[PDB]
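Colleague: Pasting a structure here, questions to come.
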2 protein chains.
Amino acid sequence: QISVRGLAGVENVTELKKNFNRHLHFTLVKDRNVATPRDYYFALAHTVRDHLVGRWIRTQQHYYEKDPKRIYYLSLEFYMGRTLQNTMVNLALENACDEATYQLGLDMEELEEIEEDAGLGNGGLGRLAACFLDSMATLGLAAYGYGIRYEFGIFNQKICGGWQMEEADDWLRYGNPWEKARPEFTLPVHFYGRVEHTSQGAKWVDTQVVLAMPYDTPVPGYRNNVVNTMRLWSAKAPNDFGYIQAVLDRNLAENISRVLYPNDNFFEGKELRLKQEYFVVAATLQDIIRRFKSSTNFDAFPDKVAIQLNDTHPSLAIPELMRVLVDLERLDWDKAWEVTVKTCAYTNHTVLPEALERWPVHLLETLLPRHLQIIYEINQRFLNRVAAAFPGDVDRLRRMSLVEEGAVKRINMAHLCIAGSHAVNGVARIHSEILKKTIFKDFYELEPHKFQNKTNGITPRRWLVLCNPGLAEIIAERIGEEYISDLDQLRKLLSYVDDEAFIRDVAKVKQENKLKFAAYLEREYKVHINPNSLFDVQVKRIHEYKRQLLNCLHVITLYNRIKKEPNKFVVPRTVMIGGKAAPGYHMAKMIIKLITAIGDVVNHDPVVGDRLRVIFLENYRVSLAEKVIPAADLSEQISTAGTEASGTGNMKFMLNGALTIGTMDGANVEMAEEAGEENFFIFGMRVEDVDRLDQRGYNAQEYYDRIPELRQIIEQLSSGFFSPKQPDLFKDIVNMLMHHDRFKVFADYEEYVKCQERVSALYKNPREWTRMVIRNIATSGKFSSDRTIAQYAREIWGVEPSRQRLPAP
Amino acid sequence: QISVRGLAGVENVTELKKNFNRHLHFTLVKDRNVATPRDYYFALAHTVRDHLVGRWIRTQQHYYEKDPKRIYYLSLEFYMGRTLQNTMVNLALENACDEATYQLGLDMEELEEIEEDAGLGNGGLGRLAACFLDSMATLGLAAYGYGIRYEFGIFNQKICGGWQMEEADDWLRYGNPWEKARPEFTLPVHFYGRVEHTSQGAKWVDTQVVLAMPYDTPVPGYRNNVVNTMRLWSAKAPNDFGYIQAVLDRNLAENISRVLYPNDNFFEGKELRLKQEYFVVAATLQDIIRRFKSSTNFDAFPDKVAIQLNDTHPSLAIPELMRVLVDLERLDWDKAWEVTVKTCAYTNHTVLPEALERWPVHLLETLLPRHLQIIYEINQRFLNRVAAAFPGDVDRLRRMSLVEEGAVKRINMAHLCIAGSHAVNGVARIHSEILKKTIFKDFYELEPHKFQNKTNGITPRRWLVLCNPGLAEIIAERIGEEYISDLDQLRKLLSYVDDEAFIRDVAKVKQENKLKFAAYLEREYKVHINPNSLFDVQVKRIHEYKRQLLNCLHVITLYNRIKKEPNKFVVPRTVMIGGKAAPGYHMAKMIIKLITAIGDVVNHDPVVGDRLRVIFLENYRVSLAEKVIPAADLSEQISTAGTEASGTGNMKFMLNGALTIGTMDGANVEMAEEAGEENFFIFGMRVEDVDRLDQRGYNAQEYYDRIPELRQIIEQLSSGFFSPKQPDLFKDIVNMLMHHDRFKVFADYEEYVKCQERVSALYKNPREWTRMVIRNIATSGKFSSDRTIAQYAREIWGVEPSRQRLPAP
Ligand SMILES: O=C1Nc2ccc(S(=O)(=O)O)cc2/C1=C1/Nc2ccccc2C1=O
Ligand SMILES: O=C1Nc2ccc(S(=O)(=O)O)cc2/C1=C1/Nc2ccccc2C1=O
Ligand SMILES: *Cc1c(COP(=O)(O)O)cnc(C)c1O
Ligand SMILES: *Cc1c(COP(=O)(O)O)cnc(C)c1O
């Protein structure tokens with residue numbers, strides 16, 4: 001059908017059809033008479049999977065032959081989403097398969113919707129890991145993703161009575177055709193026990209043993225025949241351990257890989273979480289060292305191994321590597337430490353204090369007694385370095401300590417990571433500067449060479465070609481297909497900004513995507529959106545710092561203005577807000593309810609009509625993002641300046657033809673800088689303004705007293721206008737906004753609504769709104785994760801990316 | 001190589017080799033460079049499995065077309081063992097595969113030893129279910145095996161310090177290539193709740209829901225292209241149900257199918273067991289009725305459905321069927337009851353009181369409140385029948401009640417089964433008579449037409465062709481291959497009893513099997529048996545009624561006679577005793593220790609030499625039975641007359657060339673009757689003698705006082721002769737034998753040793769021992785499970801067996 005989807009050869013289609021029938025029969029043990037749509041999806045999934053194996057086997061064999069430096073990306077989260085379509089895209093099998101299934105009388109798109117999302121992530125952090133894997137395979141890096149195989153991923157969100165309800169995400173229920181169990185590579189992981197000091201070294205004894213069984217999932221590069229591996233560990237009880245009760249208690253050791261903690265940017269200090277963190281680290285390092293010993297002086301270890309810590313979650317890799325090198329391999333401390341620092345790199349994702357991992361000492365003490373001793377030794381030698389560099393600065397010593405004194409002693413994992421890594425990076429220019437100027441200023445002054453920046457990116461394969469083929473096609477029609485793996489080329493589209501044919505095409509694609517989504521909204525969930533309105537969307541995890549509340553205030557404002565002047569013309573808008581709240585995050589759950597409560601009033605007001613609709617997108621996840629984003633006109637990125645480290649959803653929207661309304665926060669700053677401030681809807685306080693407000697003190701009352709419209713909104717909320725049967729349902733929200741708003745929603749209210757008026761004004765001029773859209777898409781090249789990864793490879797890992805096709809399949 | 005293994009066609013071998021390589025590559029994602037023996041076994045298993053699917057699909061389609069009467073065999077146990085070789089044998093693929101793997105440079109036998117046993121059974125009861133499935137497929141019956149998919153089967157036994165140690169049987173660890181998950185057929189099962197009586201009928205509400213997910217395993221008939229199905233249910237928690245804790249508590253509902261209770265002939269009244277029993281029944285009946293409604297007056301139900309209860313474990317099927325018919329389908333009681341009785345049949349397996357299921361009322365009351373009401377109603381109407389038939393016999397009423405009064409009210413499941421079934425059968429002639437004359441005499445007098453006999457059998461495919469190809473070949477050389485599915489033909493071998501060539505062949509096969517096992521004993525476990533000695537073996541579960549202790553006394557006697565007269569000639573014997581003890585069966589565990597303690601003395605006595613060896617076969621299971629049995633010379637079947645309902649190991653030994661020493665118990669009686677008493681080593685009390693001893697009272701002291709040799713043995717045990725460091729280690733054993741021996745070991749001691757002397761005497765005459773062996777093998781035809789199943793089909797289920805090949809694959 002469309003160019004970018006590959007050729008549908010005569011031989012290829014014929015071969016696909018027979019292998020499809022082969023799997024339906026031999027693999028699924030079914031025949032055309034009793035097969036259900038799910039059986040067809042599996043037949044197709046196995047057929048596509050067959051095309052990967054050859055490449056997967058020789059890619060791994062290749063690395064064994066040439067023995068290049070290996071990159072190990074440790075993360076407790078990999079937000080993969082679906083993999084069928086992505087695999088077809090990267091293998092150029094999409095049209096062949098579409099055609100082959102067509103001839104077999106099946107709609108391929110209908111079959112793809114059957115695939116369960118691999119939601120092993122919460123949000124930004126987890127998705128970045130996923131985009132990174134794709135880019136590393138595309139750039140020919142010998143990389144491995146390591147994590148935990150949760151049998152229950154992020155919970156599926158249900159809205160009942162306007163409230164969020166959580167239900168287990170049993171994504172493995174029907175099976176996963178992409179993973180390959182490797183029980184022959186099972187490794188033992190130790191917990192508890194105690195430390196014995198013998199003649200020659202310390203020993204960790206009397207430990208509880210849990211087995212780590214690996215599951216490999218192929219990660220195909222874009223049309224280069226490279227297939228890397230994502231290895232996910234599963235917890236298994238040793239056969240060692242009433243008889244019946246003993247057998248049933250095995251489900252105590254295996255609970256370690258049972259479920260993903262659903263916290264986005266929040267630290268919950270539960271023991272089960274620490275176990276997961278150590279579990280993934282202990283098993284991974286053994287696998288790493290084993291693979292290394294094959295390639296025993298570890299001086300070359302850093303030249304053959306790079307370990308990237310995606311946040312502090314896998315920070316125990318630092319003391320664990322030291323433990324193995326010192327306790328088992330018997331290297332002297334200093335040598336081991338040099339080695340550790342040279343192979344580890346740490347990526348910071350947020351500056352919010354409630355997100356920082358600070359593990360109580362009594363916990364590490366009981367669970368990992370040997371690691372605690374190593375941590376104290378590391379801390380001891382590190383503070384000696386600080387004291388020698390800043391004699392007499394005793395306060396600096398307690399501020400930089402890995403050990404935090406107070407109510408209960410805690411270990412600051414972020415300080416541990418900085419000390420044991422040769423590189424520390426932020427995820428956006430502004431975020432990285434903030435790290436050097438505030439949160440980690442003492443560390444920066446001590447070792448300025450460690451601090452770097454690596455602005456985040458998204459993969460153009462899943463985030464353009466896969467979810468927006470229509471847009472990918474009209475672009476390719478003009479500049480070719482080369483941009484798919486070199487997004488910078490999108491700049492060439494800048495010379496089509498005045499091209500009347502292109503203007504019409506870009507706008508036509510957006511309209512088709514909106515009709516497509518508007519339909520999906522009725523087919524599933526039976527809604528009533530009007531395709532002609534401006535699609536105003538904000539999708540991301542529910543957070544006070546993300547300020548979904550600032551969006552709500554604008555929605556209520558728009559509503560009150562319509563009711564005030566009913567017969568005045570206003571640009572039609574469908575505001576869509578979606579996202580999950582962490583189960584124990586009360587304020588976030590109240591916000592979801594407020595959103596649906598506003599929709600209950602606004603959507604049933606006869607005077608409003610189809611001029612304003614408020615929809616809450618249920619169960620926002622990766623596969624839902626692939627549908628909404630391509631259909632969006634306005635992208636809401638309105639976090640308080642200085643809180644959103646980078647953000648990545650913002651990039652997805654810019655690449656798919658939506659204009660952006662936001663604050664100068666995270667990557668928003670670099671995006672506006674690339675597209676030009678005139679092509680961006682910027683508003684609100686900058687980082688400096690927030691600081692000046694804090695010096696003086698933030699008093700929400702002041703804004704409530706001076707802005708009539710804001711006052712009316714707060715009064716409607718307190719009087720029960722949006723909750724008739726429950727007059728004070730939103731007392732917590734009002735109370736928070738008025739007395740303890742850490743994110744100063746009111747401070748940005750006035751500039752936000754005025755900026756929204758500028759958006760409605762531009763929308764009334766179709767031609768100009770589209771030319772601005774083109775200006776955005778054309779300058780989004782910098783935000784490709786290929787660029788991000790190439791910088792990591794060159795400035796942190798010491799490896800050169802390659803675009804060379806691997807010697808065929 | 002050998003005839004009975006099929007042809008190794010040129011096309012066939014070539015096709016097998018390429019599909020093998022296809023699976024190693026595409027399925028296992030490996031190449032010849034990194035594949036391990038386990039990968040080769042899986043490649044082969046998938047290759048063989050591919051040959052079943054075609055047949056499996058059309059066999060099920062066939063039944064759907066013709067719609068014959070369906071047989072449902074409900075059992076909580078299916079002792080399958082390995083399935084690779086059995087599948088090749090039934091598909092005539094054994095030589096083709098042996099050859100194909102040979103050309104690929106692999107030893108097929110080495111690969112088969114890698115397969116994990118499917119030990120979803122304890123012993124006799126579970127193995128019978130397995131043999132039955134094989135015979136039903138071979139006789140072309142539309143049969144389905146229904147049970148539970150335990151993720152942990154019978155425990156693996158380890159001997160430490162002479163003691164049994166149990167360790168989880170994680171048989172699914174590396175995966176099971178034979179099963180096919182059918183998550184699309186998941187059914188809900190209800191527990192707890194309460195009963196509401198509404199205008200029109202009773203309702204069971206507020207129940208806890210557990211999901212039943214089925215896994216299908218193919219059951220191939222012998223060379224007839226029929227492939228039936230064994231459906232095993234797995235417990236899954238509904239997605240309905242702190243957030244983390246809620247997700248982790250799902251492993252409370254799924255524990256139902258976690259592990260098999262390891263009790264052989266013993267009732268343990270734990271709630272988890274009752275749950276398993278209801279779980280398998282509730283899910284199965286829904287599947288049965290659903291399949292029936294397709295083929296709504298249930299008058300035809302009995303003509304389309306037969307449900308066989310393998311013991312009382314699935315007895316809840318009776319009140320559950322009534323519940324569905326009355327509460328859901330709304331049929332009147334009497335109609336529903338007629339239907340139930342006509343479709344259900346019950347098989348009794350033992351008369352030992354400690355084995356009888358008597359569920360406390362308070363348990364059924366809480367877990368299955370509605371079933372309790374149905375049971376009381378059934379009981380009420382049944383006792384009304386008894387009273388009308390025996391007016392005034394009030395004692396008969398309390399003896400026949402399904403409800404048992406006393407300390408705690410209990411429900412007698414055996415009485416429930418007899419009342420709700422149209423047929424009740426024993427498993428051996430003597431056992432069935434005992435049921436009518438004692439244990440169920442009142443029921444027999446009330447409905448004599450319900451009581452039948454169906455002597456057990458073993459499948460000649462797994463128990464001859466598979467484990468003893470050498471013997472199968474020399475037999476076929478003389479009478480053809482027809483006997484494999486018509487064992488009666490073995491009688492033709494009676495005319496070769498004087499044939500010098502056959503005598504030599506039969507004896508040669510036994511010798512090769514012994515060398516083969518003697519090697520296996522050293523290769524694994526490093527032992528030291530002498531292939532020239534008489535192989536005296538007793539393998540079965542450890543039980544006081546099986547009397548492994550009577551065997552021990554003989555062993556100690558033989559030892560004491562050698563020490564008394566060292567330079568006297570005695571026939572060399574290697575006595576092998578093996579079997580598992582239930583974890584909580586203290587006496588059984590003490591017996592295992594006694595056995596190894598005797599071996600520790602006997603095996604290291606210089607004066608004994610290689611004249612007497614005592615070995616304890618570790619982890620006796622189905623695959624180990626396939627090795628020992630073919631190598632045995634003497635089969636020990638020495639249970640106290642009246643305790644072993646039938647036994648099946650006895651039949652396996654008779655078919656493989658071992659002579660039998662035993663009591664007139666169970667099927668031993670029919671075996672001696674078939675071979676002729678002169679060709680059997682019978683000894684001990686008969687059932688009548690045991691009763692006369694009980695009338696008078698059994699006083700072990702009397703035997704201890706009158707038999708010098710027995711006295712010496714008991715004194716060696718009490719003085720610590722066999723336990724030096726622990727003088728009184730065996731005080732429980734001695735105490736039991738002397739004061740509370742329910743199985744009167746001493747009463748049979750004298751006749752047992754004298755009979756053992758007759759065995760040694762015959763062994764010294766190779767030619768005559770072998771001619772007697774031939775007489776046994778030639779008359780073992782009656783004990784084929786094909787005969788047993790044909791009788792079940794004709795006299796209980798109302799279906800005709802067929803030997804017609806199904807229309808090719
Ligand atoms: O994200 C989260 N997950 C959980 C889980 C459980 C709790 S609990 O209240 O401590 O039980 C709290 C939280 C939680 C939270 N997230 C936030 C974000 C900003 C301010 C306060 C909290 C908070 O308590
Ligand atoms: O086979 C078995 N399994 C178990 C499991 C647990 C127990 S417990 O002693 O009640 O804990 C007892 C048993 C048990 C038993 N089997 C037998 C057979 C003959 C006489 C007494 C017992 C006995 O207690
Ligand atoms: C990209 C993405 C995110 C991150 O969005 P932000 O707006 O940066 O917080 C979260 N969830 C999903 C499913 C995404 O695809
Ligand atoms: C046949 C068999 C049994 C039954 O043996 P009996 O001597 O009748 O008790 C038990 N276990 C296994 C593994 C068997 O194959």
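Letters for chains follow the order of the structure tokens (A, B, ...), residue numbers begin at 1 for each chain, and ligand numbers begin at 1 in the order shown.
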Near chain A, which residues of chain B fall within 7 Å when you count only C-alpha atoms, and what do they look like as a PyMOL selection string?
Modeller: chain B and resi 26+29+50+53+167-168+174+183+239-240+243+247-248+255+583
Colleague: Check every protein, DNA and RNA residue against ligand 2, keep those with an atom at most 10 Å away (counting only C-alpha atoms and all ligand atoms), and present them as a PyMOL selection string.
Modeller: (chain A and resi 242-244) or (chain B and resi 261-270+352-355+542-545+581-588+742)
Colleague: Based on the selection just made, write N, CA and C atoms of those residues as a PDB file, in the first residue's frame.
Modeller:
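Resulting contents of result_19.pdb:
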```pdb
ATOM      1  N   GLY A 242       5.847 -29.086  57.894  1.00  0.00           N
ATOM      2  CA  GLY A 242       5.070 -29.878  56.959  1.00  0.00           C
ATOM      3  C   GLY A 242       5.598 -29.823  55.536  1.00  0.00           C
ATOM      4  N   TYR A 243       5.501 -30.952  54.833  1.00  0.00           N
ATOM      5  CA  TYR A 243       5.955 -31.080  53.446  1.00  0.00           C
ATOM      6  C   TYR A 243       5.167 -30.198  52.471  1.00  0.00           C
ATOM      7  N   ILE A 244       3.839 -30.257  52.561  1.00  0.00           N
ATOM      8  CA  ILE A 244       2.971 -29.470  51.690  1.00  0.00           C
ATOM      9  C   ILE A 244       3.265 -27.980  51.858  1.00  0.00           C
TER      10      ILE A 244
ATOM     11  N   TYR B 261      -0.879 -34.336  46.749  1.00  0.00           N
ATOM     12  CA  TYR B 261      -0.740 -34.873  48.104  1.00  0.00           C
ATOM     13  C   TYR B 261      -0.053 -36.225  47.919  1.00  0.00           C
ATOM     14  N   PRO B 262       1.050 -36.449  48.642  1.00  0.00           N
ATOM     15  CA  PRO B 262       1.840 -37.682  48.568  1.00  0.00           C
ATOM     16  C   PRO B 262       1.403 -38.891  49.396  1.00  0.00           C
ATOM     17  N   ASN B 263       0.106 -39.029  49.617  1.00  0.00           N
ATOM     18  CA  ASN B 263      -0.404 -40.148  50.399  1.00  0.00           C
ATOM     19  C   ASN B 263      -0.901 -41.301  49.538  1.00  0.00           C
ATOM     20  N   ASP B 264      -0.364 -42.485  49.794  1.00  0.00           N
ATOM     21  CA  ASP B 264      -0.780 -43.669  49.066  1.00  0.00           C
ATOM     22  C   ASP B 264      -1.644 -44.471  50.032  1.00  0.00           C
ATOM     23  N   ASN B 265      -2.910 -44.651  49.684  1.00  0.00           N
ATOM     24  CA  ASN B 265      -3.830 -45.397  50.535  1.00  0.00           C
ATOM     25  C   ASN B 265      -3.988 -44.821  51.945  1.00  0.00           C
ATOM     26  N   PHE B 266      -4.053 -43.498  52.049  1.00  0.00           N
ATOM     27  CA  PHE B 266      -4.258 -42.859  53.341  1.00  0.00           C
ATOM     28  C   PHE B 266      -5.005 -41.554  53.169  1.00  0.00           C
ATOM     29  N   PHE B 267      -6.037 -41.372  53.980  1.00  0.00           N
ATOM     30  CA  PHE B 267      -6.850 -40.170  53.911  1.00  0.00           C
ATOM     31  C   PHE B 267      -6.395 -39.094  54.887  1.00  0.00           C
ATOM     32  N   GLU B 268      -6.021 -37.943  54.341  1.00  0.00           N
ATOM     33  CA  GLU B 268      -5.609 -36.805  55.151  1.00  0.00           C
ATOM     34  C   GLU B 268      -6.696 -35.764  54.892  1.00  0.00           C
ATOM     35  N   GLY B 269      -7.440 -35.408  55.935  1.00  0.00           N
ATOM     36  CA  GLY B 269      -8.532 -34.465  55.774  1.00  0.00           C
ATOM     37  C   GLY B 269      -8.209 -32.986  55.799  1.00  0.00           C
ATOM     38  N   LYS B 270      -7.342 -32.533  54.901  1.00  0.00           N
ATOM     39  CA  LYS B 270      -6.984 -31.124  54.850  1.00  0.00           C
ATOM     40  C   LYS B 270      -7.877 -30.391  53.857  1.00  0.00           C
ATOM     41  N   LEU B 352      -8.798 -50.850  53.260  1.00  0.00           N
ATOM     42  CA  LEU B 352      -8.138 -50.372  54.479  1.00  0.00           C
ATOM     43  C   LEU B 352      -8.918 -49.166  54.973  1.00  0.00           C
ATOM     44  N   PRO B 353      -9.378 -49.207  56.234  1.00  0.00           N
ATOM     45  CA  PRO B 353     -10.152 -48.128  56.847  1.00  0.00           C
ATOM     46  C   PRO B 353      -9.500 -46.756  56.854  1.00  0.00           C
ATOM     47  N   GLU B 354      -8.191 -46.712  57.068  1.00  0.00           N
ATOM     48  CA  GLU B 354      -7.477 -45.442  57.100  1.00  0.00           C
ATOM     49  C   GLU B 354      -7.420 -44.746  55.736  1.00  0.00           C
ATOM     50  N   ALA B 355      -7.868 -45.435  54.689  1.00  0.00           N
ATOM     51  CA  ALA B 355      -7.869 -44.883  53.332  1.00  0.00           C
ATOM     52  C   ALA B 355      -9.210 -44.253  52.951  1.00  0.00           C
ATOM     53  N   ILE B 542       6.167 -47.774  50.118  1.00  0.00           N
ATOM     54  CA  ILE B 542       6.472 -48.357  51.421  1.00  0.00           C
ATOM     55  C   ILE B 542       5.200 -48.331  52.265  1.00  0.00           C
ATOM     56  N   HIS B 543       4.770 -49.509  52.704  1.00  0.00           N
ATOM     57  CA  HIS B 543       3.557 -49.660  53.505  1.00  0.00           C
ATOM     58  C   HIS B 543       3.682 -50.828  54.464  1.00  0.00           C
ATOM     59  N   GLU B 544       3.008 -50.734  55.602  1.00  0.00           N
ATOM     60  CA  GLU B 544       3.039 -51.835  56.548  1.00  0.00           C
ATOM     61  C   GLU B 544       2.282 -53.021  55.958  1.00  0.00           C
ATOM     62  N   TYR B 545       1.236 -52.752  55.175  1.00  0.00           N
ATOM     63  CA  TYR B 545       0.451 -53.849  54.605  1.00  0.00           C
ATOM     64  C   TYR B 545       1.163 -54.566  53.445  1.00  0.00           C
ATOM     65  N   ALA B 581       8.054 -43.377  50.791  1.00  0.00           N
ATOM     66  CA  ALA B 581       7.179 -43.373  51.952  1.00  0.00           C
ATOM     67  C   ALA B 581       6.498 -42.009  51.960  1.00  0.00           C
ATOM     68  N   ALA B 582       5.257 -41.955  52.431  1.00  0.00           N
ATOM     69  CA  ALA B 582       4.566 -40.674  52.520  1.00  0.00           C
ATOM     70  C   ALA B 582       5.308 -39.897  53.613  1.00  0.00           C
ATOM     71  N   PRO B 583       5.571 -38.598  53.391  1.00  0.00           N
ATOM     72  CA  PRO B 583       6.276 -37.739  54.351  1.00  0.00           C
ATOM     73  C   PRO B 583       5.854 -37.843  55.825  1.00  0.00           C
ATOM     74  N   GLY B 584       4.553 -37.947  56.088  1.00  0.00           N
ATOM     75  CA  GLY B 584       4.101 -38.045  57.468  1.00  0.00           C
ATOM     76  C   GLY B 584       3.870 -39.453  58.002  1.00  0.00           C
ATOM     77  N   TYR B 585       4.255 -40.466  57.225  1.00  0.00           N
ATOM     78  CA  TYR B 585       4.087 -41.874  57.605  1.00  0.00           C
ATOM     79  C   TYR B 585       5.355 -42.335  58.315  1.00  0.00           C
ATOM     80  N   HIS B 586       5.409 -42.087  59.616  1.00  0.00           N
ATOM     81  CA  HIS B 586       6.574 -42.435  60.417  1.00  0.00           C
ATOM     82  C   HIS B 586       7.056 -43.885  60.330  1.00  0.00           C
ATOM     83  N   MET B 587       6.153 -44.848  60.469  1.00  0.00           N
ATOM     84  CA  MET B 587       6.567 -46.247  60.407  1.00  0.00           C
ATOM     85  C   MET B 587       7.213 -46.576  59.056  1.00  0.00           C
ATOM     86  N   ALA B 588       6.654 -46.041  57.972  1.00  0.00           N
ATOM     87  CA  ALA B 588       7.192 -46.297  56.637  1.00  0.00           C
ATOM     88  C   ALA B 588       8.600 -45.735  56.483  1.00  0.00           C
ATOM     89  N   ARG B 742      -0.912 -55.133  62.795  1.00  0.00           N
ATOM     90  CA  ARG B 742      -2.193 -55.370  62.143  1.00  0.00           C
ATOM     91  C   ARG B 742      -2.044 -56.313  60.960  1.00  0.00           C
TER      92      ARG B 742
END
```
Colleague: Write out as a list in words which residues come within 9 Å of region 367-381 of chain A when counting only C-alpha atoms, dropping same-chain ones fewer than 6 positions away.
Modeller: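 That gives residues 190, 191, 192, 193, 194, 195, 202, 203, 204, 271, 274, 275, 278, 316, 319, 320, 322, 323, 337, 361, 401, 402, 403, 411, 416, 419 and 420 of chain A.
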Colleague: Kindly work out which residues sit at most 8 Å from ligand 3, using only C-alpha atoms and all ligand atoms, and give the list as a list in words.
Modeller: residues 79, 122, 123, 124, 125, 127, 128, 458, 538, 539, 540, 541, 546, 579, 620, 621, 622, 623, 624, 625, 626, 637, 644, 646, 647, 648, 649, 650 and 652 of chain A
